[PDB]
Amino acid sequence: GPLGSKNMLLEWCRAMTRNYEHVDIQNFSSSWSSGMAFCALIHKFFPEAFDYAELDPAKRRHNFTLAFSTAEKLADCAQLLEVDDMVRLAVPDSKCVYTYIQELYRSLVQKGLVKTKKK
Amino acid sequence: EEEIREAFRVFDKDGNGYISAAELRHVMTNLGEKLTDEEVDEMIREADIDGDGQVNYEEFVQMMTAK
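Residues numbered from 1 in each chain as written, not as in the entry; some residues may be left out. Chains lettered and ligands numbered in written order. Heavy atoms only, no water.

Going by the header, the method for this PDB entry is solution NMR.

Engineer: Please provide a residue-by-residue account of the overall build of chain A, values included.
Structural biologist: Scanning chain A from N- to C-terminus turns up five helices and zero strands. Going from N to C terminus, chain A has its helices and strands arranged as α-α-α-α-α. By the compact-globule yardstick of 14 Å for 119 residues, chain A fits well, its C-alpha radius of gyration being 14 Å. Projected onto the principal axes, the alpha-carbon positions of chain A cover approximately 40 × 30 × 25 Å. Counting across all 119 residues of chain A, residues that qualify as buried make up 44%. Long-range contacts, defined as pairs at least 24 residues apart, comprise 49% of the intrachain contacts of chain A with a sequence gap of at least 6. (Helix = DSSP H or I, 4+ residues; strand = E, 2+ residues; numbered from the N terminus. Rg over C-alpha atoms; globule rule 2.2 N^0.38 Å. Buried < 20%, exposed > 50% of the residue type's maximum accessible area, 1.4 Å probe, protein only. Contact = heavy atoms within 4.5 Å.)

Engineer: Provide a residue-level description of empty space enclosed by the protein, including the pertinent values.
Structural biologist: To find leftover empty space, a probe the size of one water molecule is rolled over the atoms. Considering all chains together, one arrives at four cavities of 30 Å³ or more under this definition. Taken as a whole, the largest cavity holds about 90 Å³ of empty space. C13(A), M16(A), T17(A), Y20(A), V23(A), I25(A), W32(A), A37(A), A40(A), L41(A) and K44(A) are the residues that line the largest cavity. Only helix 1 (5-17) and helix 2 (36-45) of chain A provide two or more residues apiece to the lining of the largest cavity. By residue number, the principal contributor to the lining of the largest cavity is helix 2 of chain A, which donates four residues. For the lining of the largest cavity, the class distribution of residues is nine nonpolar, one polar and one charged. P2(A), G4(A), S5(A), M8(A), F11(B), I19(B), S20(B) and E23(B) are the residues that line the second largest cavity. Here the lining of the second largest cavity is composed, by residue class, of four nonpolar, three polar and one charged. (1 Å grid on protein atoms, 1.4 Å probe; cavity = no way out; pocket = protein on both sides within 12 Å on 5 of 7 lines; lining within 4 Å. Points joined across faces, edges and corners; volume = space filled by probe spheres on them. Nonpolar A, V, L, I, M, F, W, Y, C, P; charged D, E, K, R; others polar.)

Engineer: Got a sec to walk through unusual backbone geometry? Specific residues and values, please.
Structural biologist: Residue and element names in this part refer to chain A. If you check the backbone angles, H22 has positive phi at about 70 degrees while not being a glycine. Looking at where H22 falls in the secondary structure, it is placed in the loop between helix 1 and helix 2. Owing to a relative accessible area of 65%, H22 belongs among the exposed residues under this scheme. With a phi close to 45 degrees, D76 is a non-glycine residue in the positive phi region. Structurally, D76 is set in the loop between helix 3 (60-75) and helix 4 (83-89). Classification of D76 by relative accessible area gives exposed; the value is 51%.

Here you go:
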């Protein structure tokens, strides 16, 4: 189904999900409750950001902060989400996540990061 | 006028205002516009496409309603 903005990012992130374990992005909500999803994505673009293998699902309190802060530190990502907010709610809104990844994606492409595959 | 917004709103499953250049062209041809592919590319070449990846449809809507 190409007719869907959310579908574009879904397959995009899911493509990287095949290169990870303990993570499965079914939807932009429940699948992000693990927190690791954020770090997995950031780690894929920034290998020198942190060690994903050293990250524990129980370290969710620091996981969100690590992902957000590092992304904002190396890619000046707009902090539309909060650590406390995400942990307290557990399940974030798909629109909030979409917008976060939206600007992030744009920022990565304009900096020649996502365009790592030409033809 | 809202029909144009809704047309893009069907594609934009979140309501942000940003879509792909590929989907954008599909909406333009879906509306049954009387513009050729050449003209589409003309406007496209005068916009941001191969830069950030997300094309704001709002710009096209306004432009279309002006002409």
